[PDB]
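Below sits a lone chain in structure tokens, taken as the form deposited without the partner chain.
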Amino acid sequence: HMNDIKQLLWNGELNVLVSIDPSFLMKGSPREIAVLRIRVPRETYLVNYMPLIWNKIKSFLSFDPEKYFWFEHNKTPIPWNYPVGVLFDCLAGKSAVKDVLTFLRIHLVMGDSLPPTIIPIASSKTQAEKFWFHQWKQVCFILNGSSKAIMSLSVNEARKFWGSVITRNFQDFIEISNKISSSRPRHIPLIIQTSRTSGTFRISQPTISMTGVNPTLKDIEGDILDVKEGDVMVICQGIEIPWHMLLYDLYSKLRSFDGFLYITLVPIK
């Protein structure tokens, strides 16, 4: 059922190897300082781990805490403002005394010339919450036609909503997310992306009306395929999704923790 499925997504979790570039550290500091081996939920943001990072390297920093900070994967800038699982799917591709280790390698970097479209890691401890709540405000509007449902939550209710993401309180998350919208969607909050690993990466947020209709993924093939296509596998929440899958079902069950349903397109052959 739905909640069982949502519980599986909530329990989603990855092995993440974080490396701190020497640029942040004092020449000669212990190896263990620049490395963190952690478990990170698919439904969260990498930025929620800055406190953990800072607390470990504080005593060995190479500066007094005008450079910018951001994450990278194999020398390629990676946006912190997407759920970790979505970043993973984008990097994994078809991947959806010797063993296969499934993990995400992340490197904390600094610099003066902030990379294109990259939102730097802030010192403002409400950066993620502010961005995330703004995500849900858009979602409420997309789903209900208005943002009334979310604006009506008490201030503490909204804080409790974000709080559940940090504490992993499934009950609270389900409680508030459902309150924002539990009716049938007017439109679907859908984001479509390709790979950040292979080829020319692209992302789109097509407008998809749901009033009086019940489209399948195939039905919206016009938003998924490009002009050149007029050989694509759809990956959502790290798994393969059939073309006959109903969009309402997909959204209502597999949407991410920021309220948006994300699909990753990967070449089959």
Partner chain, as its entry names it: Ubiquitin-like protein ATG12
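Positions refer to the first chain, counted from 1.
Form deposited with the partner chain bound: not shown, discussed below.
The candidate stretches are 106-114, 138-146, 69-77, 176-184, and the one lying within 4.5 Å of the partner chain in the deposited bound form by heavy atoms is 138-146. Taking non-hydrogen atoms only, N81 approaches the partner chain to within 4.5 angstroms in the deposited bound form. Shown alone here, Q205 lies within 4.5 Å of the partner chain in the deposited bound form, counting heavy atoms only. Not displayed here, the partner chain is approached by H134 to within 4.5 Å at the level of heavy atoms in the deposited bound form. At the 4.5 Å threshold, heavy atoms of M151 reach the partner chain in the deposited bound form.
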